[PDB]
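Trainee: I have a structure I would like to understand better, so I am pasting it below and will then ask my questions one at a time.
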Amino acid sequence: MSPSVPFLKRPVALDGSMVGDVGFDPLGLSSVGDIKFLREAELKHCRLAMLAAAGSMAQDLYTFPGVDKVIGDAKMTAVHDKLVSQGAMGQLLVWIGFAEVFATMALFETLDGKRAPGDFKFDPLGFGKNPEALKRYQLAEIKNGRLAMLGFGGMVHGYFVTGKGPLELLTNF
Amino acid sequence: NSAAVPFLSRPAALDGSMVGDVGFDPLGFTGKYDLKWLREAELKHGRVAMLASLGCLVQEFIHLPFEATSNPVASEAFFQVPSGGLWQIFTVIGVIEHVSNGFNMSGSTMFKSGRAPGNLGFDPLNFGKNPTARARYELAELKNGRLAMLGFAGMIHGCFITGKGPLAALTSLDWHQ
Amino acid sequence: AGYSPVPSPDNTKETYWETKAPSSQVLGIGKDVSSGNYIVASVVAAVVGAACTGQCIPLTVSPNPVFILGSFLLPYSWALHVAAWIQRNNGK
Ligand code: CLA
Ligand code: KC2
Ligand SMILES: CC1=C(C#C/C(C)=C/C=C/C(C)=C/C=C/C=C(C)/C=C/C=C(\C)C#CC2=C(C)C[C@@H](O)CC2(C)C)C(C)(C)C[C@H](O)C1
Ligand SMILES: CC1=C(C#C/C(C)=C/C=C/C(C)=C/C=C/C=C(C)/C=C/C=C(\C)C#CC2=C(C)C[C@@H](O)CC2(C)C)C(C)(C)C[C@H](O)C1
């Protein structure tokens, strides 16, 4: 079965219920552990990686006033290394750690069945109300996050090979 | 279920009775400790911090005539000031604590009398006559005390860093470094 | 007989066995993993751990963190193949 991998049996844990479930688990990593935990991890990685990809492109295009003096010609991980000394990365770490302690509480609730994986009730503009909308926007979120994980991996490793940011690379090659 | 952390369940102890409750206890301190003790601690911290923040702000601009009391920086003032006066304040604060609590200054014994948390009977001018005004004042006191806790924390740490008074530090922000 | 009941952690099951193989509750989080999955994991872990150990046998003063991490797969491969045998004789 397994629509994704047609020559493998459908993963036992994956019943097709969750959004973006094409029965893709060739190595059987869903059998080990709880699928709710893996979905929370996947959505965390999706959101973080797509923020990261958009941030890489946006840093390549624009930089805030006065950052050029601090970072020089640094791009990507070089910017990281440069601003760890300055203290920016430390402040980001402090605040993200606060949010992540509260996300720890959220994950403990999820494992107990109270919370749906990846649901933090963050909908200020109120986009997802039409249950239909949320159902589409969930699929779009998962797909875009996966594409973004791959895209950020590609961006970082292209920087490793060449030393050029994503769009600066794309312009000249 | 919480109203503050919408993605977390409402703390069982917090049920909307005490003023200032928005269901904010993500770490479950209320289940482990007495809520009345926690509220007494909260209001005491807020009151001390309110007084402290106003103290720093007034100190940096208004000074006593003596040279030992002419430091705009609060942190530096603590050490420039005579130690005897600081210890006198310590002892007087201790006496006030003892008397106000009634010598029942423990977790087990403080609320044996049954007094409501945060109520030490200090209302000289009698501003709590009107019950509705009293409820508004209670919420305002809680909010302002929390704000003062955070604000004085910021003041003291910015005094450590900048080495200047609160508003001097605010107006002397180094935009070019 | 008057001893207080012994407290045990949550979700504590009975793992005692007199069968040919334990009950696969012994493998915990990996109880639902396939025997073929355990076999492939054990072989891969053995190869990678042996390689990363050989890359560190003449230990230098600056060993590679990834090689140190991967060297822990040789001990891991043993448990993996024990789990493979357990899971082959329990129906999977
Ligand atoms: C020491 C001061 C103090 C104390 C004793 C309390 C006590 C209380 N607050 Mg809280 N509160 C405080 C400060 C304090 N508050 C401040 C400064 C704010 C403003 C943000 C609030 C805002 C607030 C709200 C909005 C609400 C409460 C409520 C409550 C009650 C239930 C929650 C609880 O158990 O909290 C106990 C909490 C503690 C004892 C604090 C523990 C601190 C840990 C151990 C370390 C903290 C480190 C650091 C400051 C955190 C940042 C780290 C960073 C570097 C990453 C309880 C009576 C709820 C209520 O009214 O219920 C009746 C409620 O709705 N509080
Ligand atoms: C709009 C919001 C904004 C953001 C989000 C932001 C973020 C960061 C970060 C990120 C973590 C760093 C590391 C950084 C660093 C510096 N900023 Mg900057 N900055 C913003 C705004 C302004 C303005 C208005 C000015 C300014 C400046 C400087 C100088 C001075 C260098 C020097 O003069 O030697 C340095 C070193 C001043 C300047 O010189 O700008 C010509 C100045 O006026 N920034 N800035
Ligand atoms: C949810 C929510 C909200 C929200 C929100 C927000 C802020 C949502 C933000 C969403 C974002 C930032 C999504 C970003 C997706 C990025 C992707 C898919 C990148 C792919 C890159 C690729 C494939 C690539 C590449 C590349 C590679 C690898 C090689 C490189 O040389 C270059 C190249 C480009 C070719 C709002 C605010 C509306 C409120 C609402 O109430 C709640
Ligand atoms: C008991 C009682 C009574 C009473 C009374 C009394 C005396 C009540 C007194 C109340 C007071 C003094 C309240 C003070 C609140 C101060 C706050 C919230 C400060 C926040 C500061 C912040 C956020 C800040 C900051 C800053 C930071 C961190 C860094 C700085 O560089 C910059 C900046 C300054 C911006 C009366 C007499 C009516 C009788 C009645 O029967 C009941």
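We name chains A, B, ... following the order of the structure tokens; residues begin at 1 in each chain, and ligands are numbered from 1 as shown.
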Neighbours of region 68-72 of chain B within 12 Å (only C-alpha atoms; same-chain residues fewer than 2 positions away dropped), as an NGL selection string?
Mentor: :B and (55-66 or 74-83 or 85 or 159 or 163-169)
Trainee: Would you write out those residues with N, CA, C and O atoms, as a tab-separated table (two decimals), in the first residue's frame?
Mentor:
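And here's result-v1.tsv as it stands now:
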chain	number	residue	atom	x	y	z
B	55	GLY	N	11.28	55.23	45.01
B	55	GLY	CA	12.44	55.67	45.77
B	55	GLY	C	13.63	55.99	44.89
B	55	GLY	O	14.28	57.01	45.06
B	56	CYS	N	13.93	55.10	43.94
B	56	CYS	CA	15.05	55.36	43.03
B	56	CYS	C	14.79	56.62	42.21
B	56	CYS	O	15.67	57.49	42.09
B	57	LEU	N	13.59	56.72	41.63
B	57	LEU	CA	13.30	57.87	40.78
B	57	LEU	C	13.39	59.17	41.55
B	57	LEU	O	13.96	60.16	41.06
B	58	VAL	N	12.84	59.21	42.77
B	58	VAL	CA	12.92	60.42	43.57
B	58	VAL	C	14.34	60.65	44.07
B	58	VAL	O	14.76	61.80	44.22
B	59	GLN	N	15.08	59.59	44.35
B	59	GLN	CA	16.43	59.74	44.88
B	59	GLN	C	17.33	60.45	43.88
B	59	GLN	O	18.08	61.37	44.25
B	60	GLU	N	17.26	60.05	42.61
B	60	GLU	CA	18.23	60.59	41.66
B	60	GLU	C	18.06	62.10	41.47
B	60	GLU	O	19.02	62.78	41.09
B	61	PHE	N	16.87	62.64	41.72
B	61	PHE	CA	16.60	64.06	41.53
B	61	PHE	C	16.62	64.85	42.83
B	61	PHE	O	17.12	65.98	42.85
B	62	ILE	N	16.09	64.29	43.91
B	62	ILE	CA	16.04	64.93	45.22
B	62	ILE	C	17.00	64.18	46.13
B	62	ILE	O	16.95	62.94	46.21
B	63	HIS	N	17.86	64.92	46.82
B	63	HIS	CA	18.86	64.34	47.70
B	63	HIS	C	18.80	65.02	49.06
B	63	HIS	O	18.40	66.18	49.17
B	64	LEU	N	19.19	64.28	50.09
B	64	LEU	CA	19.37	64.88	51.39
B	64	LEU	C	20.60	65.78	51.37
B	64	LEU	O	21.51	65.58	50.57
B	65	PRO	N	20.65	66.80	52.24
B	65	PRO	CA	21.76	67.76	52.17
B	65	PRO	C	23.13	67.12	52.33
B	65	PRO	O	24.11	67.63	51.76
B	66	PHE	N	23.23	66.03	53.07
B	66	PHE	CA	24.53	65.47	53.42
B	66	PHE	C	25.20	64.83	52.21
B	66	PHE	O	24.55	64.30	51.31
B	74	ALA	N	21.20	54.57	42.64
B	74	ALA	CA	20.67	53.91	43.83
B	74	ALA	C	21.63	52.83	44.34
B	74	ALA	O	21.85	52.72	45.56
B	75	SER	N	22.20	52.04	43.44
B	75	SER	CA	23.10	50.97	43.86
B	75	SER	C	24.32	51.54	44.57
B	75	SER	O	24.73	51.03	45.62
B	76	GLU	N	24.86	52.63	44.05
B	76	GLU	CA	26.01	53.23	44.67
B	76	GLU	C	25.60	53.93	45.95
B	76	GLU	O	26.36	53.93	46.91
B	77	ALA	N	24.40	54.49	45.98
B	77	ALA	CA	23.90	55.15	47.18
B	77	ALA	C	23.83	54.17	48.35
B	77	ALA	O	24.13	54.53	49.49
B	78	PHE	N	23.42	52.93	48.07
B	78	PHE	CA	23.33	51.95	49.14
B	78	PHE	C	24.64	51.86	49.92
B	78	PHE	O	24.64	51.77	51.15
B	79	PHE	N	25.77	51.90	49.22
B	79	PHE	CA	27.07	51.76	49.86
B	79	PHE	C	27.64	53.09	50.34
B	79	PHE	O	28.37	53.12	51.33
B	80	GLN	N	27.32	54.19	49.65
B	80	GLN	CA	27.78	55.49	50.12
B	80	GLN	C	27.10	55.89	51.43
B	80	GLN	O	27.69	56.60	52.24
B	81	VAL	N	25.86	55.44	51.63
B	81	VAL	CA	25.07	55.81	52.80
B	81	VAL	C	25.65	55.14	54.05
B	81	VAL	O	26.23	54.05	53.95
B	82	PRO	N	25.53	55.76	55.23
B	82	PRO	CA	26.02	55.10	56.44
B	82	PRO	C	25.35	53.75	56.67
B	82	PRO	O	24.15	53.58	56.44
B	83	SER	N	26.15	52.79	57.15
B	83	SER	CA	25.64	51.45	57.39
B	83	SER	C	24.71	51.39	58.60
B	83	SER	O	23.80	50.56	58.65
B	85	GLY	N	22.42	53.56	59.52
B	85	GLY	CA	21.07	53.89	59.11
B	85	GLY	C	20.40	52.75	58.36
B	85	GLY	O	19.21	52.48	58.54
B	159	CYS	N	21.05	50.28	36.32
B	159	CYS	CA	21.97	51.08	37.13
B	159	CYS	C	23.26	50.33	37.23
B	159	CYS	O	24.33	50.92	37.16
B	163	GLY	N	25.55	52.52	35.11
B	163	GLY	CA	26.18	53.27	36.17
B	163	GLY	C	25.54	54.61	36.46
B	163	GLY	O	26.13	55.42	37.18
B	164	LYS	N	24.36	54.86	35.92
B	164	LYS	CA	23.64	56.11	36.08
B	164	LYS	C	22.27	55.84	36.71
B	164	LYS	O	21.89	54.69	36.93
B	165	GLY	N	21.54	56.91	37.00
B	165	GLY	CA	20.22	56.80	37.55
B	165	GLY	C	19.23	56.29	36.51
B	165	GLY	O	19.57	56.15	35.33
B	166	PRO	N	18.01	55.98	36.93
B	166	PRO	CA	17.02	55.44	35.98
B	166	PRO	C	16.76	56.33	34.77
B	166	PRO	O	16.97	55.91	33.63
B	167	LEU	N	16.31	57.57	34.99
B	167	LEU	CA	15.95	58.41	33.86
B	167	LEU	C	17.19	58.93	33.14
B	167	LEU	O	17.14	59.15	31.92
B	168	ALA	N	18.30	59.12	33.85
B	168	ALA	CA	19.54	59.46	33.17
B	168	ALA	C	19.94	58.35	32.21
B	168	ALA	O	20.33	58.62	31.06
B	169	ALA	N	19.82	57.09	32.64
B	169	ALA	CA	20.10	55.97	31.76
B	169	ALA	C	19.14	55.95	30.58
B	169	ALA	O	19.54	55.69	29.44
Trainee: What are the nearest atom pairs, with distances in Å to one decimal, for all residues of chain A that come at most 10 Å from chain C, using only C-alpha atoms, set out by chain and rising residue number as JSON lines?
Mentor:
{"residue": "A:12", "atom": "CA", "partner": "C:32", "partner_atom": "CA", "distance": 9.1}
{"residue": "A:13", "atom": "CA", "partner": "C:32", "partner_atom": "CA", "distance": 9.2}
{"residue": "A:27", "atom": "CA", "partner": "C:37", "partner_atom": "CA", "distance": 7.2}
{"residue": "A:28", "atom": "CA", "partner": "C:33", "partner_atom": "CA", "distance": 7.1}
{"residue": "A:29", "atom": "CA", "partner": "C:33", "partner_atom": "CA", "distance": 8.1}
{"residue": "A:30", "atom": "CA", "partner": "C:33", "partner_atom": "CA", "distance": 8.7}
{"residue": "A:31", "atom": "CA", "partner": "C:32", "partner_atom": "CA", "distance": 5.3}
{"residue": "A:32", "atom": "CA", "partner": "C:30", "partner_atom": "CA", "distance": 4.8}
{"residue": "A:33", "atom": "CA", "partner": "C:29", "partner_atom": "CA", "distance": 5.2}
{"residue": "A:34", "atom": "CA", "partner": "C:29", "partner_atom": "CA", "distance": 8.1}
Trainee: Which of chain C counts as helix (DSSP H, G or I) under DSSP, as a ChimeraX atom specification please?
Mentor: /C:28-30,35-54,65-71,73-88
Trainee: Output C-alpha atoms for every residue in that selection, as a PDB file, in the first residue's frame.
Mentor:
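After the write, out30.pdb holds the following:
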ATOM      1  CA  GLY C  28       9.560  -0.194  25.529  1.00  0.00           C
ATOM      2  CA  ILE C  29       9.377   2.608  22.979  1.00  0.00           C
ATOM      3  CA  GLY C  30      10.666   0.166  20.363  1.00  0.00           C
ATOM      4  CA  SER C  35      12.459  -7.412  13.414  1.00  0.00           C
ATOM      5  CA  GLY C  36      13.784  -6.493   9.977  1.00  0.00           C
ATOM      6  CA  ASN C  37      14.083  -2.896  11.146  1.00  0.00           C
ATOM      7  CA  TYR C  38      16.057  -4.070  14.175  1.00  0.00           C
ATOM      8  CA  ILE C  39      18.313  -6.236  11.988  1.00  0.00           C
ATOM      9  CA  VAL C  40      19.109  -3.398   9.588  1.00  0.00           C
ATOM     10  CA  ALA C  41      19.603  -1.005  12.501  1.00  0.00           C
ATOM     11  CA  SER C  42      21.989  -3.418  14.211  1.00  0.00           C
ATOM     12  CA  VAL C  43      24.073  -3.976  11.074  1.00  0.00           C
ATOM     13  CA  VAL C  44      24.243  -0.259  10.257  1.00  0.00           C
ATOM     14  CA  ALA C  45      25.057   0.640  13.862  1.00  0.00           C
ATOM     15  CA  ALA C  46      27.792  -1.990  14.029  1.00  0.00           C
ATOM     16  CA  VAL C  47      29.428  -0.808  10.805  1.00  0.00           C
ATOM     17  CA  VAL C  48      29.208   2.892  11.675  1.00  0.00           C
ATOM     18  CA  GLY C  49      30.402   2.385  15.247  1.00  0.00           C
ATOM     19  CA  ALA C  50      33.345   0.259  14.148  1.00  0.00           C
ATOM     20  CA  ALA C  51      34.313   2.839  11.522  1.00  0.00           C
ATOM     21  CA  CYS C  52      34.039   5.763  13.944  1.00  0.00           C
ATOM     22  CA  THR C  53      36.030   3.810  16.531  1.00  0.00           C
ATOM     23  CA  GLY C  54      38.783   3.059  14.027  1.00  0.00           C
ATOM     24  CA  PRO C  65      32.707  14.928  18.232  1.00  0.00           C
ATOM     25  CA  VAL C  66      30.739  13.146  15.503  1.00  0.00           C
ATOM     26  CA  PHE C  67      33.146  10.201  15.569  1.00  0.00           C
ATOM     27  CA  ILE C  68      32.885  10.060  19.366  1.00  0.00           C
ATOM     28  CA  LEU C  69      29.092  10.061  19.071  1.00  0.00           C
ATOM     29  CA  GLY C  70      29.024   7.387  16.377  1.00  0.00           C
ATOM     30  CA  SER C  71      31.433   5.116  18.232  1.00  0.00           C
ATOM     31  CA  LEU C  73      26.728   2.659  17.997  1.00  0.00           C
ATOM     32  CA  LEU C  74      28.847  -0.480  18.414  1.00  0.00           C
ATOM     33  CA  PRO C  75      27.472  -0.983  21.959  1.00  0.00           C
ATOM     34  CA  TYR C  76      24.084   0.079  20.591  1.00  0.00           C
ATOM     35  CA  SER C  77      24.215  -2.552  17.841  1.00  0.00           C
ATOM     36  CA  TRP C  78      24.364  -5.317  20.451  1.00  0.00           C
ATOM     37  CA  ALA C  79      21.104  -4.241  22.061  1.00  0.00           C
ATOM     38  CA  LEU C  80      19.624  -3.748  18.594  1.00  0.00           C
ATOM     39  CA  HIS C  81      20.386  -7.327  17.541  1.00  0.00           C
ATOM     40  CA  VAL C  82      19.146  -8.695  20.873  1.00  0.00           C
ATOM     41  CA  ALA C  83      15.922  -6.798  20.176  1.00  0.00           C
ATOM     42  CA  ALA C  84      15.901  -8.272  16.670  1.00  0.00           C
ATOM     43  CA  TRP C  85      16.005 -11.801  18.075  1.00  0.00           C
ATOM     44  CA  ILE C  86      13.324 -10.957  20.643  1.00  0.00           C
ATOM     45  CA  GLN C  87      11.079  -9.484  17.952  1.00  0.00           C
ATOM     46  CA  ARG C  88      11.561 -12.397  15.544  1.00  0.00           C
TER      47      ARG C  88
END
Trainee: So which residues touch region 46-54 of chain A within 7 Å, counting only C-alpha atoms, skipping near sequence neighbours fewer than 2 positions away, as a PyMOL selection string?
Mentor: chain A and resi 42-44+56-58+142+145-146+148-149+151-152
Trainee: Selected residues, N, CA, C and O atoms, written as a PDB file, in the first residue's frame, please.
Mentor:
ATOM      1  N   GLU A  42       7.650  17.749  14.204  1.00  0.00           N
ATOM      2  CA  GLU A  42       7.626  18.105  12.792  1.00  0.00           C
ATOM      3  C   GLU A  42       7.096  19.512  12.589  1.00  0.00           C
ATOM      4  O   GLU A  42       7.616  20.256  11.759  1.00  0.00           O
ATOM      5  N   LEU A  43       6.052  19.894  13.324  1.00  0.00           N
ATOM      6  CA  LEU A  43       5.511  21.237  13.147  1.00  0.00           C
ATOM      7  C   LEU A  43       6.454  22.288  13.720  1.00  0.00           C
ATOM      8  O   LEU A  43       6.611  23.372  13.139  1.00  0.00           O
ATOM      9  N   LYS A  44       7.102  21.988  14.849  1.00  0.00           N
ATOM     10  CA  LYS A  44       8.135  22.883  15.358  1.00  0.00           C
ATOM     11  C   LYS A  44       9.208  23.111  14.305  1.00  0.00           C
ATOM     12  O   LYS A  44       9.570  24.254  14.000  1.00  0.00           O
ATOM     13  N   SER A  56      16.803  33.988   5.921  1.00  0.00           N
ATOM     14  CA  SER A  56      18.020  33.967   5.119  1.00  0.00           C
ATOM     15  C   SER A  56      17.860  34.842   3.885  1.00  0.00           C
ATOM     16  O   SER A  56      18.709  35.697   3.596  1.00  0.00           O
ATOM     17  N   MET A  57      16.755  34.663   3.156  1.00  0.00           N
ATOM     18  CA  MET A  57      16.535  35.490   1.971  1.00  0.00           C
ATOM     19  C   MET A  57      16.437  36.967   2.344  1.00  0.00           C
ATOM     20  O   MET A  57      17.003  37.833   1.661  1.00  0.00           O
ATOM     21  N   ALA A  58      15.731  37.275   3.434  1.00  0.00           N
ATOM     22  CA  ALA A  58      15.514  38.664   3.813  1.00  0.00           C
ATOM     23  C   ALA A  58      16.788  39.322   4.325  1.00  0.00           C
ATOM     24  O   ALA A  58      16.971  40.525   4.140  1.00  0.00           O
ATOM     25  N   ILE A 142       1.907  22.449   6.604  1.00  0.00           N
ATOM     26  CA  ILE A 142       2.786  21.283   6.639  1.00  0.00           C
ATOM     27  C   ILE A 142       3.645  21.233   5.381  1.00  0.00           C
ATOM     28  O   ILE A 142       4.867  21.040   5.444  1.00  0.00           O
ATOM     29  N   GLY A 145       6.224  24.030   5.282  1.00  0.00           N
ATOM     30  CA  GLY A 145       7.269  23.789   6.269  1.00  0.00           C
ATOM     31  C   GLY A 145       8.246  22.728   5.855  1.00  0.00           C
ATOM     32  O   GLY A 145       9.447  22.847   6.105  1.00  0.00           O
ATOM     33  N   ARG A 146       7.752  21.677   5.222  1.00  0.00           N
ATOM     34  CA  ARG A 146       8.652  20.661   4.702  1.00  0.00           C
ATOM     35  C   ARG A 146       9.531  21.230   3.592  1.00  0.00           C
ATOM     36  O   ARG A 146      10.765  21.063   3.597  1.00  0.00           O
ATOM     37  N   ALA A 148      10.360  24.150   3.273  1.00  0.00           N
ATOM     38  CA  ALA A 148      11.254  25.120   3.884  1.00  0.00           C
ATOM     39  C   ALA A 148      12.400  24.452   4.622  1.00  0.00           C
ATOM     40  O   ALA A 148      13.509  24.983   4.645  1.00  0.00           O
ATOM     41  N   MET A 149      12.149  23.317   5.266  1.00  0.00           N
ATOM     42  CA  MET A 149      13.250  22.556   5.842  1.00  0.00           C
ATOM     43  C   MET A 149      14.264  22.215   4.764  1.00  0.00           C
ATOM     44  O   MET A 149      15.472  22.457   4.920  1.00  0.00           O
ATOM     45  N   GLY A 151      14.637  23.704   1.870  1.00  0.00           N
ATOM     46  CA  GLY A 151      15.215  24.922   1.332  1.00  0.00           C
ATOM     47  C   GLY A 151      16.270  25.526   2.238  1.00  0.00           C
ATOM     48  O   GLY A 151      17.292  26.021   1.767  1.00  0.00           O
ATOM     49  N   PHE A 152      16.039  25.506   3.548  1.00  0.00           N
ATOM     50  CA  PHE A 152      17.043  26.044   4.452  1.00  0.00           C
ATOM     51  C   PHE A 152      18.277  25.157   4.490  1.00  0.00           C
ATOM     52  O   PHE A 152      19.405  25.660   4.558  1.00  0.00           O
TER      53      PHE A 152
END
Trainee: Restrict the calculation to only C-alpha atoms and all ligand atoms, then for each residue of chain A with any atom at most 12 Å from an atom of ligand 1 give the closest atom pair and their distance in Å to one decimal, rows by chain and rising residue number, as a tab-separated table.
Mentor:
residue	atom	partner	partner_atom_place_in_ligand_line	distance
A:90	CA	ligand 1	55 (C)	11.1
A:91	CA	ligand 1	55 (C)	9.6
A:92	CA	ligand 1	55 (C)	10.5
A:93	CA	ligand 1	55 (C)	8.9
A:94	CA	ligand 1	55 (C)	5.3
A:95	CA	ligand 1	55 (C)	6.3
A:96	CA	ligand 1	55 (C)	8.5
A:97	CA	ligand 1	55 (C)	6.4
A:98	CA	ligand 1	55 (C)	4.9
A:99	CA	ligand 1	55 (C)	8.7
A:100	CA	ligand 1	55 (C)	9.8
A:101	CA	ligand 1	55 (C)	8.8
A:102	CA	ligand 1	55 (C)	10.8
Trainee: Would you export the selected residues with C-alpha atoms as a PDB file, in the first residue's frame, please?
Mentor:
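Generated file (out04.pdb):
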ATOM      1  CA  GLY A  90      22.099  35.424  23.550  1.00  0.00           C
ATOM      2  CA  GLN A  91      19.000  37.594  23.893  1.00  0.00           C
ATOM      3  CA  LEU A  92      17.219  35.596  21.202  1.00  0.00           C
ATOM      4  CA  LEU A  93      18.158  32.438  23.107  1.00  0.00           C
ATOM      5  CA  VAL A  94      16.810  33.802  26.397  1.00  0.00           C
ATOM      6  CA  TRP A  95      13.439  34.749  24.932  1.00  0.00           C
ATOM      7  CA  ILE A  96      13.101  31.595  22.834  1.00  0.00           C
ATOM      8  CA  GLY A  97      13.912  29.578  25.950  1.00  0.00           C
ATOM      9  CA  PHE A  98      11.092  31.297  27.815  1.00  0.00           C
ATOM     10  CA  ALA A  99       8.684  30.469  24.996  1.00  0.00           C
ATOM     11  CA  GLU A 100      10.067  26.923  24.916  1.00  0.00           C
ATOM     12  CA  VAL A 101       9.509  26.319  28.634  1.00  0.00           C
ATOM     13  CA  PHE A 102       5.877  27.166  28.033  1.00  0.00           C
TER      14      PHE A 102
END
Trainee: Grab me every residue within 8 Å of ligand 4, counting only C-alpha atoms and all ligand atoms, and send it over as a ChimeraX atom specification.
Mentor: /B:47,49-55,57,122-128,144-156,158-159,165-170
Trainee: Could the residues in this selection be written to a file with C-alpha atoms, as a PDB file, in the first residue's frame?
Mentor:
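Below you can see selection_8.pdb, which holds the result:
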ATOM      1  CA  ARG B  47       4.280  46.984  47.533  1.00  0.00           C
ATOM      2  CA  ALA B  49       8.833  47.191  44.658  1.00  0.00           C
ATOM      3  CA  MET B  50       6.436  50.108  44.135  1.00  0.00           C
ATOM      4  CA  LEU B  51       8.029  51.940  47.042  1.00  0.00           C
ATOM      5  CA  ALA B  52      11.491  50.988  45.751  1.00  0.00           C
ATOM      6  CA  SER B  53      10.914  52.231  42.199  1.00  0.00           C
ATOM      7  CA  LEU B  54       9.493  55.538  43.374  1.00  0.00           C
ATOM      8  CA  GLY B  55      12.437  55.673  45.769  1.00  0.00           C
ATOM      9  CA  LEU B  57      13.297  57.866  40.777  1.00  0.00           C
ATOM     10  CA  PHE B 122      -3.326  49.545  56.886  1.00  0.00           C
ATOM     11  CA  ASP B 123      -5.953  52.021  55.672  1.00  0.00           C
ATOM     12  CA  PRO B 124      -5.407  55.189  57.722  1.00  0.00           C
ATOM     13  CA  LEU B 125      -7.247  57.649  55.472  1.00  0.00           C
ATOM     14  CA  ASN B 126     -10.097  55.110  55.122  1.00  0.00           C
ATOM     15  CA  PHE B 127     -10.140  55.002  51.329  1.00  0.00           C
ATOM     16  CA  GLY B 128     -11.770  51.555  51.314  1.00  0.00           C
ATOM     17  CA  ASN B 144       0.733  48.367  39.689  1.00  0.00           C
ATOM     18  CA  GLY B 145       2.673  46.149  42.096  1.00  0.00           C
ATOM     19  CA  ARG B 146       3.523  43.688  39.336  1.00  0.00           C
ATOM     20  CA  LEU B 147       4.498  46.577  37.076  1.00  0.00           C
ATOM     21  CA  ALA B 148       6.651  47.975  39.881  1.00  0.00           C
ATOM     22  CA  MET B 149       8.374  44.646  40.489  1.00  0.00           C
ATOM     23  CA  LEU B 150       9.419  44.454  36.849  1.00  0.00           C
ATOM     24  CA  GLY B 151      10.178  48.172  36.638  1.00  0.00           C
ATOM     25  CA  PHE B 152      12.430  48.276  39.686  1.00  0.00           C
ATOM     26  CA  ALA B 153      14.201  45.146  38.473  1.00  0.00           C
ATOM     27  CA  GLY B 154      14.909  47.012  35.254  1.00  0.00           C
ATOM     28  CA  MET B 155      15.981  50.133  37.143  1.00  0.00           C
ATOM     29  CA  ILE B 156      18.471  48.338  39.376  1.00  0.00           C
ATOM     30  CA  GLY B 158      20.241  49.262  34.269  1.00  0.00           C
ATOM     31  CA  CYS B 159      21.965  51.079  37.134  1.00  0.00           C
ATOM     32  CA  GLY B 165      20.215  56.796  37.549  1.00  0.00           C
ATOM     33  CA  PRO B 166      17.023  55.440  35.979  1.00  0.00           C
ATOM     34  CA  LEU B 167      15.952  58.412  33.862  1.00  0.00           C
ATOM     35  CA  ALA B 168      19.542  59.458  33.168  1.00  0.00           C
ATOM     36  CA  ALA B 169      20.096  55.967  31.762  1.00  0.00           C
ATOM     37  CA  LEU B 170      16.877  56.200  29.752  1.00  0.00           C
TER      38      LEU B 170
END
Trainee: Within 9 Å of ligand 2, counting only C-alpha atoms and all ligand atoms, which protein or nucleic acid residues do you find, written as a PyMOL selection string?
Mentor: (chain A and resi 63-71+83+86-89) or (chain B and resi 174-177)
Trainee: Since we have the selection now, will you write its residues out, keeping C-alpha atoms, as a PDB file, in the first residue's frame?
Mentor:
ATOM      1  CA  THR A  63      19.924  44.465   6.726  1.00  0.00           C
ATOM      2  CA  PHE A  64      18.867  46.726   9.571  1.00  0.00           C
ATOM      3  CA  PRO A  65      20.695  50.043  10.045  1.00  0.00           C
ATOM      4  CA  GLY A  66      24.072  49.688  11.720  1.00  0.00           C
ATOM      5  CA  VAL A  67      24.306  45.895  11.450  1.00  0.00           C
ATOM      6  CA  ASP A  68      26.764  46.112   8.551  1.00  0.00           C
ATOM      7  CA  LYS A  69      29.341  47.641  10.891  1.00  0.00           C
ATOM      8  CA  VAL A  70      28.976  44.825  13.424  1.00  0.00           C
ATOM      9  CA  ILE A  71      28.933  41.854  11.035  1.00  0.00           C
ATOM     10  CA  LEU A  83      26.686  38.304  16.837  1.00  0.00           C
ATOM     11  CA  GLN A  86      27.875  40.950  20.427  1.00  0.00           C
ATOM     12  CA  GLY A  87      25.071  39.381  22.487  1.00  0.00           C
ATOM     13  CA  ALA A  88      22.158  39.394  20.014  1.00  0.00           C
ATOM     14  CA  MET A  89      22.062  35.605  19.761  1.00  0.00           C
TER      15      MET A  89
ATOM     16  CA  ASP B 174      23.956  54.840  23.440  1.00  0.00           C
ATOM     17  CA  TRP B 175      22.587  54.548  19.904  1.00  0.00           C
ATOM     18  CA  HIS B 176      26.108  54.592  18.385  1.00  0.00           C
ATOM     19  CA  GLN B 177      28.458  51.863  19.605  1.00  0.00           C
TER      20      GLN B 177
END
Trainee: How many Å lie between CA of residue 129 (chain B) and CA of residue 98 (chain B), rounded to one decimal?
Mentor: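 CA of residue 98 (chain B) lies at a distance of 26.9 Å from CA of residue 129 (chain B).
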Trainee: Could you give me, as a Markdown table, every chain B residue with an atom at most 7 Å from chain A, plus its closest atom pair and distance in Å to one decimal, counting only C-alpha atoms, rows ordered by chain then number?
Mentor:
| residue | atom | partner | partner_atom | distance |
| --- | --- | --- | --- | --- |
| B:6 | CA | A:121 | CA | 6.1 |
| B:7 | CA | A:120 | CA | 4.9 |
| B:8 | CA | A:106 | CA | 6.2 |
Trainee: Can those selected residues be exported to a file as a PDB file, in the first residue's frame so that it contains C-alpha atoms?
Mentor:
ATOM      1  CA  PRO B   6      -4.799  29.691  25.836  1.00  0.00           C
ATOM      2  CA  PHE B   7      -2.929  26.493  24.905  1.00  0.00           C
ATOM      3  CA  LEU B   8      -2.610  25.309  28.533  1.00  0.00           C
TER       4      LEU B   8
END
